[PDB]
Amino acid sequence: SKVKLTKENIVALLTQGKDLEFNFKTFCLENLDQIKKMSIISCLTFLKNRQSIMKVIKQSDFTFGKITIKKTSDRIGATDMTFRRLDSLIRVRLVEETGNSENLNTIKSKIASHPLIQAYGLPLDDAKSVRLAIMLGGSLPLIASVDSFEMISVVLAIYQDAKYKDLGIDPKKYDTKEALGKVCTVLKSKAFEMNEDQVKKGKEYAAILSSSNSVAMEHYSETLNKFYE
Amino acid sequence: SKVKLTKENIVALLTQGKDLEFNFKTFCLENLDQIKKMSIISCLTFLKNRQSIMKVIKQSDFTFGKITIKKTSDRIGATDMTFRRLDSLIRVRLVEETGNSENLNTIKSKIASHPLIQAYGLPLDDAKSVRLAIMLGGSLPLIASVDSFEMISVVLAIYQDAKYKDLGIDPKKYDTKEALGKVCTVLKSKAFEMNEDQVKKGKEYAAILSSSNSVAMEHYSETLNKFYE
Amino acid sequence: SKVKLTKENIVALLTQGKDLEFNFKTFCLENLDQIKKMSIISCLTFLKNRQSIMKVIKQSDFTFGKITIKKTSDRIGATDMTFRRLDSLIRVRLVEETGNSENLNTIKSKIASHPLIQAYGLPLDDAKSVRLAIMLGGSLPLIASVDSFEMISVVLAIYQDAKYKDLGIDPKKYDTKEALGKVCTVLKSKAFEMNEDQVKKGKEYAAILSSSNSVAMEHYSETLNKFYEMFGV
RNA sequence: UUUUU
């Protein structure tokens with residue numbers, strides 16, 4: 001009767017005449033210690049050169065220490081390490097280091113030069129503003145499952161959904177609406193309740209995002225519109 | 001004078017100074033017989049689990065029998081088999097079986113549980129409504145090239161443009177206006193004329209379409225909108 | 001201190017505790033002389049069969065003369081030659097040859113049969129209209145960096161943003177708003193100032209683009225709107 | 001013409 005959806009069952013589906021019918025929080029706690037031996041600067045460098053580093057990881061089977069990032073994006077186990085999972089851990093680690101003030105001055109100084117931080121025009125004032133900076137460009141639904149990261153993920157997802165045009169995010173490459181949906185799905189999965197305290201924290205995050213800011217098309221906007229008309 | 005486009009002729013073109021100059025309807029007839037050895041239920045299963053199957057087919061060079069679907073999306077020949085072309089054939093196959101009364105009851109029963117049929121709220125009464133059900137989710141411009149499928153393709157395309165909001169179709173992923181245009185290009189290419197007989201058929205389809213009718217975000221929606229403003 | 005981005009350096013980044021950190025105008029002037037030995041017909045043929053020629057170059061490491069277009073799209077140097085960089089230069093060569101009247105009639109005659117010219121319905125009357133014809137399908141932000149090519153690039157970019165639907169430009173394949181943005185970034189980078197003389201020229205370009213001429217949907221529109229009104233439109 | 005719902 002009914003079988004499991006496998007690659008062979010799809011082949012059999014097409015070639016026979018027979019009737020045929022068909023948690024990251026845990027991952028984080030177990031793999032965070034492994035990357036803790038990285039440097040704060042090493043973490044910020046990974047973030048700073050994410051896109052460039054990503055290309056190198058995807059060239060072939062990238063193995064570092066006991067961990068290996070497979071070339072096959074398909075079939076990834078709860079133990080398996082993807083680039084997104086590696087990228088996310090490093091951000092979670094950096095936020096944890098925001099609990100120490102000495103690291104906060106290191107991160108705040110260095111992350112102020114990051115490409116994404118300037119594009120968002122993010123004001124880097126207090127600890128919450130620095131934490132947001134670490135979040136920029138990160139896999140929000142993944143990070144949202146980690147405790148105390150629920151609000152910071154959804155506020156940034158909302159911001160990315162509202163201002164996707166201003167941030168220059170291509171909707172064809174990144175569904176900014178789908179991302180927010182998955183974040184909410186994550187929170188409901190771990191029965192996250194949005195009481196006033198969570199809303200209290202989120203608005204403080206949103207306050208930083210609100211105060212944040214093409215620049216070239218604005219420089220020629222007065223003469224560009226005459227041709228437009 | 002004029003020469004053939006070859007790799008060497010481009011080298012001569014760039015390095016010398018001498019003057020140098022250089023249909024799914026068919027696809028269906030040739031590949032439909034191949035998938036006819038499938039079961040009626042197996043076809044309906046493919047439709048029901050299209051998205052799930054889609055991911056698996058795109059995993060690697062998917063080969064079933066003598067046919068192989070390549071991973072390389074670029075450079076696809078008129079003979080080459082894509083997932084959408086496979087999907088289209090199976091729907092065309094299923095519609096052909098709507099000419100049999102035994103199959104009509106079989107298809108009608110199974111496809112009533114399909115996700116798209118329920119989302120559209122499509123009433124499955126007569127043969128034409130069942131045919132519409134099979135069409136849901138299909139590559140309309142492809143199917144439009146097959147004879148007698150012109151009206152059912154363009155009428156459904158028209159409907160998707162009118163009720164795109166009600167159907168929950170994301171404009172960023174699917175240009176619903178562009179879709180209707182591509183269907184018309186196919187029809188105009190084979191000189192299809194919408195006389196009284198054809199428009200009559202379409203109106204019968206349109207009558208059925210007229211009578212037709214995220215979750216995690218709804219949970220946090222009340223507190224979510226505050227950040228949106 | 002700072003090191004080069006290599007596969008080994010990423011491993012060191014992730015497994016160790018050490019502190020670890022990682023213009024076409026010039027390109028044109030240095031590479032334009034090389035393509036000058038081509039024929040006008042050779043240049044115009046390249047324009048006519050761009051997509052078909054493009055695929056052959058992408059087949060393998062395509063080498064012509066001392067120049068080689070590598071298959072590896074990643075890591076392209078300021079000296080390295082890509083197809084888009086190759087294609088744009090050929091257009092630049094062709095536009096420069098519009099300053100001579102003999103070539104002007106040759107280009108006008110040949111390029112009038114080219115796909116983009118016919119699809120855009122571009123009227124080929126004077127020299128400026130001919131220059132516009134050569135630009136169609138070209139890499140605008142690259143060419144915009146070449147001097148005297150600034151206004152003609154941004155005016156056409158504006159037009160491509162406004163009429164992207166009528167021109168059959170696929171938004172999933174080509175962000176026509178991003179295109180206009182990149183051109184402006186180039187112009188602001190070389191401090192291009194849009195004074196009265198430039199805008200005057202641009203409007204002459206824009207006038208030609210205005211004068212140029214879904215299509216298949218209008219053919220059925222009489223019996224296409226009858227169904228729209230059934231669905232409440 | 002290719003791709004996603």
# chains A, B, ... in the order shown; residues from 1 in each chain; ligands from 1

$ interface_residues --of "chain D" --to "chain B" --cutoff "8 Å" --atoms "only C-alpha atoms (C1' of nucleotides)" --output "PyMOL selection string"
chain D and resi 2+4-5

$ interface_residues --of "chain C" --to "chain A" --cutoff "7 Å" --atoms "only C-alpha atoms" --output "ChimeraX atom specification"
/C:7,11,13-21,155,158,172,181,184-185,188,206

$ calpha_fit_rmsd --fixed "chain B" --moving "chain A"
3.1 Å

$ select_by_dssp --residues "stretch 39-109 of chain A" --states "strand (DSSP E)" --output "NGL selection string"
:A and (62-64 or 67-69)

$ atom_distance --atom1 "atom CA of residue B:4" --atom2 "atom CA of residue C:87"
20.1 Å

$ residues_around --residues "stretch 115-119 of chain A" --least-positions-apart "5" --cutoff "7 Å" --atoms "only C-alpha atoms (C1' of nucleotides)" --output "PyMOL selection string"
chain A and resi 133+136+167

$ write_last_selection --atoms "N, CA and C atoms" --output "short mmCIF file (atom, residue, chain, number, x, y, z; two decimals), in the first residue's frame"
data_model
loop_
_atom_site.label_atom_id
_atom_site.label_comp_id
_atom_site.auth_asym_id
_atom_site.auth_seq_id
_atom_site.Cartn_x
_atom_site.Cartn_y
_atom_site.Cartn_z
N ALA A 133 23.69 43.96 15.92
CA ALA A 133 24.72 43.97 14.89
C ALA A 133 25.21 42.56 14.59
N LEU A 136 22.56 40.69 12.39
CA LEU A 136 22.40 41.09 10.99
C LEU A 136 23.01 40.09 10.01
N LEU A 167 16.72 48.21 2.53
CA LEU A 167 17.91 47.46 2.91
C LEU A 167 18.56 46.79 1.70
#

$ residues_around --residues "residue B:109" --least-positions-apart "6" --cutoff "10 Å" --atoms "only C-alpha atoms (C1' of nucleotides)" --output "JSON, numbers by chain"
{"B": [103, 124, 130]}
